[PDB]
Each structure stands twice: as structure tokens, then as C-alpha cells.
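Below is one structure, written out as C-alpha cells; the observations come after it.
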Amino acid sequence: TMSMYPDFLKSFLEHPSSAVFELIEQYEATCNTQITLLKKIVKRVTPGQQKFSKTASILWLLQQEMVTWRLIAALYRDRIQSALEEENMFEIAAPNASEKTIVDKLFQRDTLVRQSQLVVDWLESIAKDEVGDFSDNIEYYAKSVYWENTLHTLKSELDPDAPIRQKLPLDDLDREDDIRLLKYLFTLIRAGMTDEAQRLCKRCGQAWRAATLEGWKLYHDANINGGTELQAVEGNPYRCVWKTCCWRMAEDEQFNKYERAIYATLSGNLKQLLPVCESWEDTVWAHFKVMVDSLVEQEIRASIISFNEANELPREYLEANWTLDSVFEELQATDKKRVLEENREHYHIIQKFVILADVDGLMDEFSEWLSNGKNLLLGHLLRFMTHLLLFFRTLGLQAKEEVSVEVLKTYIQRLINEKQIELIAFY
Amino acid sequence: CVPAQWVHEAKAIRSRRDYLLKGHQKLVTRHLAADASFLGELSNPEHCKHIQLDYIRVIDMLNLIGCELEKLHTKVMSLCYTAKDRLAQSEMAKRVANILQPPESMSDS
Amino acid sequence: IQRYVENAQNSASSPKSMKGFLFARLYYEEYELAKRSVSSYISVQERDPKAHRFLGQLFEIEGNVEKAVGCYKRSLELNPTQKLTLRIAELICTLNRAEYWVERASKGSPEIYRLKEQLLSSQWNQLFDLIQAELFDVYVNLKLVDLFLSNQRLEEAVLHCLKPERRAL
Amino acid sequence: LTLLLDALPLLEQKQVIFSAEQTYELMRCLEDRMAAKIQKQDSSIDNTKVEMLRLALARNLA
Amino acid sequence: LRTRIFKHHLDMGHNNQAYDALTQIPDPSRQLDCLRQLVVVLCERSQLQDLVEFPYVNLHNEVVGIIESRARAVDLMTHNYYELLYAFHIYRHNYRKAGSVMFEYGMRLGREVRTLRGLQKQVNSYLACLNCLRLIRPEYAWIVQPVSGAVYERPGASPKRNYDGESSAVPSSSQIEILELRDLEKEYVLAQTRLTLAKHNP
Amino acid sequence: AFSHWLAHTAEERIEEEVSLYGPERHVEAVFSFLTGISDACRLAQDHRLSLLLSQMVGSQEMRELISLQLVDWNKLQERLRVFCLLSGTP
């Protein structure tokens with residue numbers, strides 16, 4: 001595993017002969033392979049299992065290195081590549097164009113909001129799903145029909161509205177079974193696994209819950225909205241009513257905690273008990289989702305797309321949007337007024353800096369820590385900044401030459417210590 | 001006892017049994033609401049600054065006293081109880097002072 | 001698009017900044033009339049960065065820098081989305097608070113460092129330093145040595161003209 | 001009670017004074033009955049009562 | 001000429017019925033004091049039905065400042081009980097909040113001079129305050145001093161926070177809403193018990 | 001033009017009638033407010049049903065899906081009638 005310095009610098013050897021972007025993609029892949037070796041093969045029994053978990057956490061640093069390279073690649077590919085330069089055709093619209101064409105336009109025109117979406121797509125890519133068929137969440141929740149226990153045992157109407165309508169009905173077993181469903185649908189919604197959430201809602205027998213998921217999509221008619229001509233019309237033309245109805249349904253108690261939370265994620269609002277177990281990536285996702293859902297609605301309002309009748313609960317919804325900067329600052333604080341331990345992590349601070357777009361600010365600032373005798377403790381962090389700077393200058397002439405020399409010099413000194421003579425000498 | 005920053009921890013526990021400054025050495029907002037004295041409030045504001053609720057801090061600064069934005073923030077604070085009513089009255093008084101004025105009139109409206 | 005302006009006219013009659021703004025959008029798709037519509041919409045309420053900039057651009061080119069400050073000041077302090085910046089600082093410079101605004105603007109924006117120096121030049125050693133700071137590009141180095149010439153620094157200027165001059169030729 | 005209010009309106013309720021105090025007691029009794037066991041309508045009666053008080057004030061001014 | 005018009009109009013009192021001319025003085029400039037002294041002489045003429053109908057024509061911003069200035073003058077401690085009721089009618093037109101506070105101020109003065117036959121009047125005053133509270137159900141209103149001549153500010157109703165315990169020595173009698181109204185109800189029950197004990201003596 | 005026209009026609013009849021209906025009891029009314037949407041939803045405030053109700057006035061191919069699926073679910077086990085309306089073939 002000492003031959004890890006080879007794999008990154010081997011990705012360097014191919015790059016004088018070839019092209020820039022595959023270097024970052026290979027850095028994602030190289031770190032990904034290294035996660036697996038450290039992670040595998042480790043067996044934990046009793047007390048050691050904890051030791052194995054600690055080992056995984058250390059590798060966990062390599063996992064974080066893979067996720068960070070993926071994010072770096074995704075954002076720089078949007079920012080530098082010709083994907084931000086195109087005809088304004090997506091934004092050429094008329095009042096008769098549907099609310100969906102208006103969202104397609106907003107995402108094309110607003111690069112800043114679209115960058116938030118690329119971060120969301122990344123956070124969804126690295127989400128933890130519970131298992132279907134190898135955990136009690138869905139394997140043991142394979143009940144043939146919905147509310148079989150409450151139907152078979154008394155203790156009037158099958159519909160989900162019957163227990164919101166009146167007190168006590170549901171059997172404890174059916175509530176326990178619903179907890180597993182909604183938790184698993186909720187993990188899938190966080191993972192962006194919307195199609196799987198719909199497939200499960202249909203197969204579990206929950207056609208009503210499936211219908212709520214369908215109301216994500218805005219109305220598109222292919223006939224009127226010729227830009228994205230599909231074949232059938234799709235989505236719901238009163239999305240604001242649907243958003244408010246979903247928000248109201250989220251607030252209502254006597255529903256499961258996981259259900260209220262899916263409705264909160266759909267409404268672009270926060271949830272409460274489920275966020276107690278929300279990690280940094282998970283909290284970043286929920287808060288960016290609020291920012292996207294508020295921004296889209298404000299553009300829809302400014303365009304005059306929304307109808308006054310659909311405004312059932314304006315007073316209950318946050319009209320304001322926070323900036324990406326405030327998103328990270330609020331997420332960075334702990335609930336107990338401490339620096340968040342996850343935010344303070346050396347590679348997580350970089351993820352945020354790549355999202356803000358001030359990458360080069362930390363690259364100069366980090367180099368100052370080397371002269372001040374800091375960073376040396378984390379063996380990965382010194383390497384990371386080296387490869388990251390090398391990648392920045394190849395894609396765009398960016399980081400200061402002074403910083404490149406200081407970072408490369410300290411990195412080459414390490415190659416002699418690790419005795420990587422052919423590569424260290426070259427650096 | 002061997003030096004550690006355990007003095008604040010012990011002092012805080014004693015206060016709970018029977019204060020805010022000792023804790024410093026949501027709740028702060030509640031304290032401000034109770035204190036809808038002035039020097040103590042200033043000290044609390046300084047502590048908040050050291051900690052840095054930002055909107056609440058801005059409101060406190062306004063009370064101690066771009067302008068339109070500040071007025072909007074004050075309105076938001078008013079939007080979000082007898083103590084609350086008193087705070088609203090104080091905000092109205094502040095608006096009157098500001099008027100003493102089209103923006104002020106709008107705030108009054 | 002004519003049906004769309006009928007439904008806009010009717011809505012306005014019924015009650016409506018977003019109608020009046022929409023009319024402006026239709027106009028963008030008879031500029032004086034559109035500008036008038038934008039002005040009315042702005043008066044009714046404050047909405048979208050595209051509203052604020054269409055009115056503020058109309059007033060800016062009408063020469064009415066007091067109306068353009070009014071829009072852009074409300075669009076900043078309302079908190080909808082201010083990043084007008086040119087007309088505000090420029091307006092302050094024309095007027096001859098302003099220093100604070102300049103500092104805020106400064107907080108690698110070149111023309112902004114330039115307008116800042118010129119404000120300081122209406123409100124000598126500090127001025128000389130300003131040029132030295134900017135210079136730390138041949139034409140930078142050349143205006144730097146020319147205004148050193150003005151302040152009276154013959155020894156420094158000939159070294160820092162010649163240094164440039166055989167960095168460029 | 002509604003009939004009494006109508007009579008006061010016909011009269012203008014100059015001297016009722018006690019009745020407004022009396023009316024409050026009746027309202028309290030109604031609340032007690034509710035506790036033992038139309039809100040808009042109840043508000044209207046209060047408004048009608050206020051008119052009598054205003055008339056009494058006018059009489060005092062006279 | 002205009003300073004003569006004030007002096008001359010005041011002395012006659014009869015031509016000082018010129019309300020639209022009264023309203024035409026505050027709108028140009030801060031000569032509100034001319035309206036304040038002149039409308040007092042019109043109150044001395046004392047045709048309150050007609051007199052109060054003309055401040056419907058006068059602008060409400062001016063009417064609030066003139067009627068509040070008049071209401072502070074109504075705290076004259078006069079036997080003119082009606083001036084409080086006509087102030088209550090102007091408060092009825094506005095937010096109504098101050099009519100309740102003016103009633104407690106008038107109750108306090110009526111308690112201070114003498115007792116006994118004032119008990120039945122205090123019952124009527126409790127009925128008036130209870131009716132005024134029912135009219136103004138969601139909104140709060142604060143008292144300052146026991147009437148006009150105020151040298152206290154507004155301590156509020158949300159500053160229940162102390163400092164050290166020496167800053168909780170403020171009288172805290174700004175918050176004379178629903179809680180003190182329940183204490184006035186206790187005063188009424190004490191009066192009822194005293195009267196029932198008094199009826200069992202002969 | 002016809003929609004609103006139809007409403008006005010079925011007015012007074014749905015007017016004072018549905019009035020009492022509400023100020024009375026019980027179900028069905030939920031269906032009757034749908035014949036009259038946002039005020040009916042606000043009065044009703046069944047969170048999942050509320051989101052499906054906003055698809056009414058939508059001619060979208062939502063019909064069939066929700067239609068058959070909900071019916072099947074009920075078979076396996078004032079709500080079926082709402083689904084019949086969103087099927088578009090009531």
C-alpha cells in the first residue's frame with residue numbers, strides 16, 4: 001500500500017502524453033481503489049469490530065478523497081467546459097409556455113443555481129441507502145397488502161386519510177411496518193433514487209403514496225412547449241397548490257416521522273426528529289434543497305406563472321433564500337455552539353471551498369500553514385494540495401507560481417523520505 | 001487544582017441549582033426578550049459578537065442606535081406573548097424615533 | 001403575444017406591479033413606453049433583479065442618476081439581490097460616505113481601484129503611493145512614473161521608467 | 001337578549017350603563033354554561049352594546 | 001395678520017367654528033398649538049355632537065394629535081365625565097386601545113378622592129373595562145403613570161428578564177393588561193363580600 | 001368559459017345548499033367542494049389526498065395510473081369517488 005504514491009504520479013505520466021480532465025477522474029478512481037484495499041479485507045469481531053471501524057474511518061479519509069475528486073471534477077467540468085456557453089433557446093419563452101419550460105430556462109440561465117444542483121447531484125451520489133432485501137427495512141416489510149393487520153383486526157375506510165380523520169384505529173404492527181416503508185422511501189428520496197421510490201411505492205401496494213411522488217414534475221405539454229417536445233403531456237399544472245398541500249401534510253402530526261420528513265423534503269422545508277441523525281452531507285443536501293425550491297418558486301412568481309388561487313399558505317413558507325456561503329456557515333456550526341467536527345475535517349473544508357469557488361484562496365493559506373509548522377500531521381492533506389494545484393494549473397492557469405514551488409518542494413522532500421527516487425527527483 | 005478551563009463549568013452548575021455571563025465565560029435571545037441593565041445588555045451583545053442569531057444581534061444593534069434593509073429585518077423580527085407585544089411596541093417606538101420619513105411611514109403601515 | 005398583452009391589460013385594470021412589469025417584458029420582446037411601464041411597476045413594488053435592472057438601465061441612459069440610485073438602493077437594501085454598483089460609486093464620484101462606499105467596492109477590480117484613486121485625488125504622497133501600489137504592465141508603470149514626475153520624484157521615476165522600458169521596449 | 005338590544009337601539013341605550021356591566025355578567029354566565037356543556041353573532045351583540053355606551057357618552061357631553 | 005387672526009378669533013369664540021380653516025393650519029406648518037387652543041375654545045362653546053362630527057372631516061393624523069392633546073387636557077379632574085366618553089368615541093374610530101387606559105386613569109382618580117358610594121361606580125367601571133377588553137380581544141395596550149403627567153417610559157411586557165435583581169425593581173405597571181384586570185375582578189369580589197356582610201348586620 | 005359557466009349554473013343550488021352541507025355534515029361535501037378547489041382544500045385542512053386534488057383541472061395522463069392502482073389497492077385491502085374524478089371517466 002506504500003505504492004500509492006506511484007498511482008497518482010503514474011496518472012501524471014499519462015498527462016504529458018495526453019489530456020487534462022482524465023487526470024482528476026483518475027484521481028477519483030485511484031483513491032477509490034485505495035479505499036477498497038484498506039477497507040478490504042478487514043474483519044471485526046466483538047471489540048475489534050470497533051478497531052476495524054476506526055481503520056475504515058482512516059481509509060474513510062481515502063473515501064473522502066474519492067468523493068472530493070468527483071466533486072472537483074463535476075464543478076470544474078461545468079465551470080470551464082463549453083457547457084456554460086450555448087444558445088439562449090432554453091430561455092426563449094412566452095407567457096403561454098408552461099411552468100416546466102420556465103424551470104428548464106432558470107437552470108440554463110442561472111449558472112449559480114445550476115452549480116447548486118451539481119452539488120445536490122453529488123450529495124445524492126454519496127448517500128447511504130438502507131438495504132431492501134438484506135435489512136429489516138424491506139425484506140421483513142414484504143407484507144402482501146397495506147394495513148392487513150388493521151383490516152384483519154379491528155383493534156371503516158381503507159384510505160390513508162382515515163387515521164388523520166380519527167384517533168386510534170391503526171394496529172401497532174401496521175404502524176411498525178409503515179415505519180420501515182417510509183424510512184426506506186425517505187433514504188431513497190435522499191439518494192435521488194426517485195424511480196426506485198416509485199417502484200417500491202407501487203409494489204408495496206401504496207398507490208396513494210406513489211401518486212404523491214409523481215407530483216414532483218412540473219407541467220410540460222410537448223404541443224405548446226416545442227423546445228423539449230416529448231410525446232405525452234406530463235406533470236401537474238397547479239404545482240404551487242401541490243407544494244402547499246405537501247407542506248401542510250408534512251406539518252400534520254399523527255403521521256410517521258419519516259413520512260412528514262419526505263413531505264418536508266418535497267415541500268422544501270426542514271424536518272426535525274429525522275435530522276437528529278443527519279450528518280454533514282445529509283444536512284448540506286436538505287438545506288441546499290430548501291434554497292433550490294425557494295429560488296424556483298420566486299422565479300415562477302416573478303414570471304407571473306403562479307396563479308393567486310394556488311397561494312393557500314404563503315405565510316407558512318420561507319420566501320427568502322440563503323446564499324451558498326450562509327448554507328455552509330449555518331451547517332458548519334454545531335447545535336451546541338461548537339465548530340462542527342465534520343466541517344473541521346481537512347478534506348471536508350476543501351469540498352466546501354470547491355463549492356464556494358474559492359479554491360486558490362485555501363491553496364495559498366494552506367501553504368502558509370507549512371511555514372507555520374501545521375498540516376504535517378495529516379499525511380494525505382499535503383499530497384492533496386499538490387495534486388489539486390497541479391490539476392488547477394493544467395485546466396486553467398490559476399494558482400500562484402510561488403505556491404506551486406513551495407507545495408511541490410515539500411512534496412518532493414517527502415518522496416525522498418519514502419524513497420520514490422525516479423518520481424521524487426522529477427518533482 | 002491542576003490548571004484546566006474547569007472553572008466556568010463548575011460556576012455554571014452552581015447557577016443552575018440556584019449567571020448568563022458565567023455561562024459565557026436561543027437562551028440569549030430569551031434573555032434579551034426578558035430585557036426587552038443597559039451596560040449588561042451591551043456586554044451580552046459583545047459576548048454574542050465573540051461567539052460569532054445574527055438577525056437578533058442586528059436588531060439589538062438597532063436598539064442600541066442599508067437603513068431600509070435594517071427596517072425590513074426589524075419587521076421580520078416582529079413577525080417572528082405579552083413580552084413579544086412589548087417588544088413590538090418597542091420596535092414601533094424605534095420606528096417613530098426614526099421618523100422624527102416615507103420609509104418610516106411605510107414601516108408604521 | 002397580442003393575447004398575452006390583452007390579459008396583461010385586463011389584469012392591470014382589475015388591480016399589480018407584475019402585470020406592469022410583464023408589459024415591459026413584452027416591450028423588450030417601443031422602448032419609451034416600456035420604460036414608462038417599468039417605472040410604474042417599480043413604483044408599485046420591488047421585484048426580480050431583471051425588473052430592477054431594466055428600470056435602472058432606462059433611467060441611467062435618460063441621465064437621471066437620482067432615479068437610478070433610487071431603484072438600485074432599494075434593490076440592494078430590500079435584500080432581493082444586489083451585487084448598479086457602477087452607477088452608485090460613479091455617481092458618488094460625480095458628486096465629489098463616498099469614501100466608505102469606495103472601500104466597500106474595493107472589498108482585483110481594476111477600474112474600481114482607478115475610480116478610487118480619482119476620488120482620493122479630489123478628496124500628494126498618498127496619491128503617489130497609490131500608483132506605486134497599482135504598479136506592483138508597462139502602461140501602469142508609465143502612468144506611475146508620470147505622476148511621480150508631477151509629485152516631484154526624479155530619482156525614483158527614472159529608475160522605474162527605465163526598469164519598465166527594458167522590461168518591454 | 002337580542003330583543004333587549006333592539007329596544008336599546010330604538011331607545012339608543014343612554015342610561016343602560018348597568019346593562020353593559022349586566023351584559024358582561026350574562027356573557028360570563030353563557031361561558032359557564034359552555035363549560036358545563038354563533039361566535040360571530042355574539043360579537044355583533046357586543047358591537048350593539050358599544051353603541052348604547054356611545055349614546056350614553058353623547059348624553060354626558062350634552 | 002395670521003398671528004392677529006389667532007388672537008382676534010380666540011377672543012370672539014363665535015367665528016372660531018371655522019373647522020376647515022382649523023385643518024388648513026396644521027397641513028402647511030407646525031402651528032398645531034393654534035388648533036389646540038382654538039378647539040379648546042370651541043369645546044368651551046360645548047356642542048359636542050356637532051363638535052365631534054367635524055373632526056371626521058379633519059385629517060385623522062391631525063385628529064389623533066389634537067384629540068390625544070385634548071385627552072391629556074381631559075385629565076383636568078373636572079366633573080365633566082362626558083369628555084372621557086367622547087374621547088372613547090374618537091378612540092372607537094381609531095385602534096381603540098387608549099380608551100381602556102383612560103378609563104383606568106379615571107377610575108384611579110375617582111378612588112383617590114373618596115370611598116363608599118364610589119363602590120357601585122367602580123362596579124360600572126369594571127363592566128366598562130370588561131366590555132372594552134372584549135372589543136379589543138387580540139391586541140395589547142400599556143399603561144404609563146396612573147394618568148397624564150408621565151415621567152416613566154415604557155418598560156414593556158416582554159422584558160421579564162432581570163439584570164442582577166436590582167433591575168427588577170422597576171414598578172412593572174406598564175403591563176396592566178388581562179392580569180391586573182383579573183386583580184380588579186378580585187377588588188369587585190371583595191366589595192361584594194363587604195356589602196353582603198353589611199346587609200347581614202341590620 | 002363553459003367551466004365557470006357550469007359552476008354559475010349549478011350555483012345557488014350548490015350555493016345555500018352546499019352552505020348548509022358544510023355547516024352540517026359530513027363527507028360528500030368534500031366531493032361537493034370539488035364540484036365548486038383552494039378554499040375546499042383549506043376547509044378540509046388527508047395530506048396525500050390534498051396533493052392528488054391539485055391534479056384536478058389537469059387533463060394530464062395521471063388519470064389511468066392513480067385510477068386503476070388505487071382501486072386495486074382497495075380491493076386487496078369519500079376517497080374512491082375523488083379517485084373516480086381524477087381518472088377522468090367518472
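Residues in the C-alpha cells are named by chain (A, B, ... in the order shown) and by number from 1 within that chain; ligands are numbered from 1 in the order shown.
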
Residues near residue 41 of chain C, cut-off 10 Å, only C-alpha atoms, skip fewer than 5 positions along chain, as a PDB file with N, CA, C and O atoms, in the first residue's frame:
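Saved file result_31.pdb follows:
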ATOM      1  N   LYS C  16     -50.904  45.863  -8.950  1.00  0.00           N
ATOM      2  CA  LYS C  16     -50.437  44.915  -9.984  1.00  0.00           C
ATOM      3  C   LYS C  16     -49.089  45.158 -10.689  1.00  0.00           C
ATOM      4  O   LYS C  16     -48.972  45.111 -11.931  1.00  0.00           O
ATOM      5  N   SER C  17     -48.038  45.369  -9.906  1.00  0.00           N
ATOM      6  CA  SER C  17     -46.708  45.512 -10.486  1.00  0.00           C
ATOM      7  C   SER C  17     -46.338  44.399 -11.456  1.00  0.00           C
ATOM      8  O   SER C  17     -45.977  44.722 -12.576  1.00  0.00           O
ATOM      9  N   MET C  18     -46.569  43.120 -11.150  1.00  0.00           N
ATOM     10  CA  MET C  18     -46.168  42.058 -12.078  1.00  0.00           C
ATOM     11  C   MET C  18     -46.874  42.101 -13.434  1.00  0.00           C
ATOM     12  O   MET C  18     -46.231  41.829 -14.451  1.00  0.00           O
ATOM     13  N   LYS C  19     -48.139  42.555 -13.510  1.00  0.00           N
ATOM     14  CA  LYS C  19     -48.698  42.926 -14.816  1.00  0.00           C
ATOM     15  C   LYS C  19     -47.818  43.948 -15.464  1.00  0.00           C
ATOM     16  O   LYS C  19     -47.406  43.747 -16.601  1.00  0.00           O
ATOM     17  N   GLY C  20     -47.639  45.093 -14.812  1.00  0.00           N
ATOM     18  CA  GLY C  20     -46.997  46.226 -15.478  1.00  0.00           C
ATOM     19  C   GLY C  20     -45.576  45.966 -15.951  1.00  0.00           C
ATOM     20  O   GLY C  20     -45.215  46.408 -17.032  1.00  0.00           O
ATOM     21  N   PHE C  21     -44.828  45.187 -15.184  1.00  0.00           N
ATOM     22  CA  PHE C  21     -43.528  44.620 -15.497  1.00  0.00           C
ATOM     23  C   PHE C  21     -43.551  43.669 -16.686  1.00  0.00           C
ATOM     24  O   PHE C  21     -42.650  43.729 -17.517  1.00  0.00           O
ATOM     25  N   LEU C  22     -44.585  42.835 -16.758  1.00  0.00           N
ATOM     26  CA  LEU C  22     -44.752  41.880 -17.843  1.00  0.00           C
ATOM     27  C   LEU C  22     -44.889  42.651 -19.145  1.00  0.00           C
ATOM     28  O   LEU C  22     -44.372  42.237 -20.182  1.00  0.00           O
ATOM     29  N   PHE C  23     -45.589  43.779 -19.083  1.00  0.00           N
ATOM     30  CA  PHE C  23     -45.783  44.623 -20.251  1.00  0.00           C
ATOM     31  C   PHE C  23     -44.411  45.092 -20.712  1.00  0.00           C
ATOM     32  O   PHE C  23     -44.141  45.182 -21.909  1.00  0.00           O
ATOM     33  N   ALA C  24     -43.548  45.395 -19.746  1.00  0.00           N
ATOM     34  CA  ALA C  24     -42.191  45.835 -20.039  1.00  0.00           C
ATOM     35  C   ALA C  24     -41.444  44.718 -20.761  1.00  0.00           C
ATOM     36  O   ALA C  24     -40.679  44.970 -21.691  1.00  0.00           O
ATOM     37  N   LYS C  35     -40.226  51.626 -20.847  1.00  0.00           N
ATOM     38  CA  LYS C  35     -39.543  52.259 -19.731  1.00  0.00           C
ATOM     39  C   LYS C  35     -40.571  52.838 -18.778  1.00  0.00           C
ATOM     40  O   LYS C  35     -40.438  52.721 -17.559  1.00  0.00           O
ATOM     41  N   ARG C  36     -41.607  53.454 -19.338  1.00  0.00           N
ATOM     42  CA  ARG C  36     -42.654  54.037 -18.513  1.00  0.00           C
ATOM     43  C   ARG C  36     -43.338  52.935 -17.714  1.00  0.00           C
ATOM     44  O   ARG C  36     -43.621  53.100 -16.526  1.00  0.00           O
ATOM     45  N   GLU C  46     -41.274  46.198  -5.371  1.00  0.00           N
ATOM     46  CA  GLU C  46     -39.939  45.828  -5.826  1.00  0.00           C
ATOM     47  C   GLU C  46     -39.905  44.335  -6.139  1.00  0.00           C
ATOM     48  O   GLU C  46     -40.215  43.505  -5.284  1.00  0.00           O
ATOM     49  N   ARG C  47     -39.532  44.000  -7.371  1.00  0.00           N
ATOM     50  CA  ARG C  47     -39.470  42.608  -7.810  1.00  0.00           C
ATOM     51  C   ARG C  47     -38.287  42.333  -8.735  1.00  0.00           C
ATOM     52  O   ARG C  47     -37.761  43.253  -9.350  1.00  0.00           O
ATOM     53  N   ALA C  51     -36.313  43.198 -13.338  1.00  0.00           N
ATOM     54  CA  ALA C  51     -37.078  44.417 -13.147  1.00  0.00           C
ATOM     55  C   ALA C  51     -36.198  45.594 -12.750  1.00  0.00           C
ATOM     56  O   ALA C  51     -36.150  46.605 -13.473  1.00  0.00           O
ATOM     57  N   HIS C  52     -35.442  45.407 -11.664  1.00  0.00           N
ATOM     58  CA  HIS C  52     -34.583  46.467 -11.125  1.00  0.00           C
ATOM     59  C   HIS C  52     -33.603  46.980 -12.153  1.00  0.00           C
ATOM     60  O   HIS C  52     -33.447  48.186 -12.308  1.00  0.00           O
ATOM     61  N   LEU C  55     -35.494  48.992 -15.288  1.00  0.00           N
ATOM     62  CA  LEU C  55     -35.734  50.391 -14.882  1.00  0.00           C
ATOM     63  C   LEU C  55     -34.444  51.177 -14.702  1.00  0.00           C
ATOM     64  O   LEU C  55     -34.344  52.316 -15.142  1.00  0.00           O
TER      65      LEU C  55
END

### Query
Could you name the residues that touch segment 75-86 of chain C at 8 Å or less, counting only C-alpha atoms, but leaving out those on the same chain fewer than 2 positions away, as a ChimeraX atom specification?
/B:66-70,72 /C:46-49,52-53,56,68-69,71-73,88-90,105

### Spatial neighbours of segment 135-145 of chain E, 8 Å, only C-alpha atoms, chain gap at least 4 places, as a count of residues only
21

### Message
For segment 7-19 of chain D, find every residue with an atom within 8 Å (counting only C-alpha atoms), except residues of its own chain fewer than 4 positions away, and show them as a PyMOL selection string.
### Response
(chain D and resi 3+23+48+51-53+55-57+59) or (chain E and resi 124+127)

### Task
Residues of chain A near chain F: apply a cut-off of 9 Å, count only C-alpha atoms, and supply the list as a ChimeraX atom specification.
/A:144-148,151,157-165,202,205-212,214-215,219,232-250,252,263,309-313
